[PDB]
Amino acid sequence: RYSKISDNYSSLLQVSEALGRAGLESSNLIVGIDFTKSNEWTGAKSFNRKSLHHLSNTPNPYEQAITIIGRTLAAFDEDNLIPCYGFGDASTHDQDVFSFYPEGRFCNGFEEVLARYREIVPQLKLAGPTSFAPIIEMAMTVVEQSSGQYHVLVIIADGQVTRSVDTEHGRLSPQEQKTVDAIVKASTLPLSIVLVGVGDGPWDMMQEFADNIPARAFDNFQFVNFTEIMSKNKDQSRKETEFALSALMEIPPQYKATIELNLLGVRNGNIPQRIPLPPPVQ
């Protein structure tokens, strides 16, 4: 379905224009980056056996994903301030996020996101396990503190939420419990959540995962497999529009739903204030 749409899109400008015509207005971008140790080996097939966070003269999947989404959403934020966080390194595990800059200062444009990313990466101790509760709660806090301005949180991760050892008997892990709770609670705010999967995964359980999130006032969650799209036999420009469309096509209807539900522009009042840790660098 997204492949059919993308056959008519040769540039990310066209995709931005389409989001606008579909009714997307002012949108702020929030980025969260997975810094788990698994990144070392999930690039087996998808990244020629290199770490997903390997730095070189060609962008790694994190840099690519940031670049495509950042470029596509740029038109919807006049000054492109991007709150950016890491999670899953030794300083945060599954409990916290850290801000890219001290005192939680926002990045000025995706270009600075990318530059700061490259500075931080070699200084991190990669760890785990995997929960998206902290990054989503951080996004919730930013949205509340902005007085209900519309935000898109983009999480780029190399694995599904950590499961229980006893998942076969229906047991959820605390990572799953807290992440699903956060997704549901986030739907009380004008916030869209896009989970971008990079690396080899596996990612086969994601559509079932999304299908099983409890009922919400609007569907505020999307998963997109960057790896699968970017592995296809298309021109580079057309793989990028397909990825941008698969990640962001559902954002204009979600935006319109936040207006219909009168979430836009107001404080919910029941959002605990998550504090981002400092970047574990120097």
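All residue numbers refer to positions in the sequence shown, first residue = 1.
Higher mean CA temperature factor between 158 to 166 and 203 to 211: 203 to 211, per the PDB entry. As listed in the deposited structure, the average C-alpha B-factor of 59 to 67 and of 231 to 239 is greater for 231 to 239. Sorting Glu144, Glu103, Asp94, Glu176 by the CA temperature factor given in the entry leaves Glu103 at the top. Per the PDB record, residue ranking by Cα B-factor puts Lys185 in the lowest third of the chain.
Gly197 sits in the lowest third of its chain by CA B factor, as recorded in the PDB entry. In the deposited entry, the Cα temperature factor of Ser99 sits in the middle third of values across the chain's modelled residues. Among the modelled residues of its chain, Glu137 has a C-alpha B-factor that falls in the lowest third according to the deposited record. In the PDB entry, a CA B factor belonging to the highest third of its chain's modelled residues is recorded for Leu124.
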